[PDB]
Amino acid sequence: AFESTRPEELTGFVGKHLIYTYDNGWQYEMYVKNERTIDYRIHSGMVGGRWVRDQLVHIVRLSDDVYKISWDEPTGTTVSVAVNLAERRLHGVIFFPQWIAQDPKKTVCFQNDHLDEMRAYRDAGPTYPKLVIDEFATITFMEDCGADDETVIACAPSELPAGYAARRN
């Protein structure tokens, strides 16, 4: 299931830590913690407040500048993001089960301690139709943190220092 993960192709991407705002105004944050893991943190929008550690991901090189990250969520959400490092742009496709569209705050939590709850909401549905978000984002802040830094994403977005998510480079 992870035969596609090729670490020699990902050396320019593993360790990236990016804060980005989709064109719909939703502000997100991702840490590429290693070849098959991300942590992430949502700052604003439909599921603002949500954060996730140790999300297993498929990370692949599409070009020297462009990397993709895809994954399955215990909520039933499926996601594929692409990051263009040279142009400081991200693109997301997110396929949300209809239950999340109807009551997105149900997913707003530190998900790692609510996995049965997410699977319960997911099992109850509705599943269909998916709410499909297909959106470009601007990468406002990007830095290299190296691999396996447990400190990058280790608190809820409400508990960060004033100005954290607004920092740019």
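Numbering starts at 1 and follows the sequence shown.
As recorded in the PDB entry, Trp26 shows the highest C-alpha B-factor of the residues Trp26, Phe141, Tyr31, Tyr67. Per the deposited record, the Cα B-factor of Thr11 falls in the highest third when ranked against the other modelled residues of its chain. The deposited CA B-factor of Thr21 belongs to the lowest third of values across its chain. In this PDB entry, the Cα temperature factor of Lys105 sits in the top third of its chain's modelled residues, the highest group. Per the deposited record, the Cα B-factor of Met118 falls in the lowest third when ranked against the other modelled residues of its chain.
Ranked against the other modelled residues of its chain, the C-alpha B-factor of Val60 as given in the entry falls in the middle third.
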